[PDB]
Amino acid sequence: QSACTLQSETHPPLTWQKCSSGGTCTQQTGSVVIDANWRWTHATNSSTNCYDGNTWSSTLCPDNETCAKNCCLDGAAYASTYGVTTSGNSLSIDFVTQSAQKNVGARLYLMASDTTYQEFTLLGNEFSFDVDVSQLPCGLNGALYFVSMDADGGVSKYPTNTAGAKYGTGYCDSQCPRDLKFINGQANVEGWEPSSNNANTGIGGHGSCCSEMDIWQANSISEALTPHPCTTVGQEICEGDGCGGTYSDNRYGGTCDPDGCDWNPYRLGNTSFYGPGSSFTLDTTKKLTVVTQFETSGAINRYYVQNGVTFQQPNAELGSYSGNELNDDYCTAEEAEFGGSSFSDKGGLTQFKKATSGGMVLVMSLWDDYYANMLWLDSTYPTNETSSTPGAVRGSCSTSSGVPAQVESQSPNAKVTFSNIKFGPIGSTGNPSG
C-alpha cells in the first residue's frame, strides 16, 4: 500500500531510558505508531474505502496486487479515534473509544524516527517497565512484547509497500496472523473470509510469521511470560492453513510455535502471587515494576518490584524441574506435564535465542479475544477441564468470561498504562534515570 494524508499522522512521543553497565541511564526520545489494520484504507485519489466493515471493495481490490496499487493507508487521530495518549515516559491505551464508529484498543510499535521502528537486541540485556493493570478485568489483555519485524516495516523488501513503519506496516508474530490486510506490499483480499463475530475483521489467504517474545500478557487477574520460536527467525509470509496459529483451523502449521513456553505463576500453582488487593504478593490495584533479563545461555529471568519490595519470579516445581528461571529444563518439563510439542518442535530456546540475538521491535497492545475469550490466560482452558488436569487452571476468571461484545459493553473505560521503560545490560536498569 501507499500512504495518504487526508488525516495527518503525528506519532505520540514516548521517552525511554537506555542504561549502561557503568551505572548511568540516558533518556531516549521515540514515539508510537498504530498498526495498519486500525487505519482507514482508501483509494489513492479519492475517499472511497478499499476496505469497509468486514469486506474488501471488489472493484478497487479484485486481487492482492491491484488492491495494493489502488489503495493507501491514511493517518490516525490517536486520542480521539484510538484512545491512545502519551505523556513523557507513559503510554495509555483505552479499551473502547467512540468516535464516528467504535474502536477497541490498539496495537502500537515503538519508533526510532517518524519512518523507522526502534530495534532492541535483547540477548545479554534486560528490559524494565512499570504497568498499571488495575483497570483490566477478566477477558482483557494489556500486552508488551517483542517481534522480529523489519525496521522499515517491509519497504525495502516489498517496494509496493511505500507506507512503511510510519503507517505501522510489517507486523508479524508467532501466530502467523492472517487477519492483516496488507502483507509483503500486497493486500490480503485473496481468500478473504469475514469473521463470524467481529464486524471489522476477516482472515485472508496470507499470514505473517516471526519470532515473538511475550514479556507481558496480563490483566488484573493473571500474567504470563512467553517466548515463541519460529524456524524462520524474522518476518516471513505464509500460505493459508500452512500458517497455523489462531487464524487457521490447524494451529500447528509449522514454521512458528503459537503456544510458546509460557510461564504464568498461577498456572504453575502459585495462586497467591498476583492479583487484586492485599491478599496477593503483588497487588494489581497498584502500579508494579516488571524486569525481564535475557542471559546469554538463552534462559530468561524475571523479578518484580512493588513499593520498594523485590520478588523474583516465584519458584515452580513441575516434573523434575524446580526453580524460577525460564530455561530448557522448564520448557521440556512443561511439555511433559501439561502436554504439547510445538515449542520443542520449533527448536525451543536455542532457536528462540536467534531472535533475541538479533533486532526485535517493541509492541504494546490492548485487546480482547474473539477466538478464545482470553480463557487461556485467566480462566480454566479448555473449559471442560477441571483443576485435576495439569495446567488447565490459569486464573480465577469464570469460564464464561471475556466475551468481547460483553466486556466491551460492560467495561468500555478499561485501560492499560505502560510507563518508565528502561533497557540496558543485565543489572543496569535499576540505576537512576537520566
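The numbering used is simple: start at 1 and walk along the sequence shown.
- The deposited model assigns a higher average Cα B-factor to 190 to 198 than to the other stretch when 190 to 198 and 171 to 179 are compared.
- Taking only CA atoms, the mean B-factor in the PDB entry is higher for 378 to 386 than for the other of 378 to 386 and 391 to 399.
- Of the residues listed, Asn327, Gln313, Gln118, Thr255, the entry assigns the biggest Cα temperature factor to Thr255.
- Going by the entry's values, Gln101 shows the largest Cα B-factor out of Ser297, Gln217, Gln101, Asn89.
- Among the modelled residues of its chain, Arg39 has a C-alpha B-factor that falls in the lowest third according to the deposited record.
- Among all modelled residues in this chain, the alpha-carbon of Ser279 has a temperature factor (C-alpha) in the highest third.
- Sort the chain's modelled residues by C-alpha temperature factor and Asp114 lands in the middle third, per the entry.
- Annotation for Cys25: C-alpha temperature factor in the highest third relative to the rest of the modelled chain, per the entry.
- When all modelled residues of the chain are sorted by CA temperature factor, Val32 is found within the lowest third.
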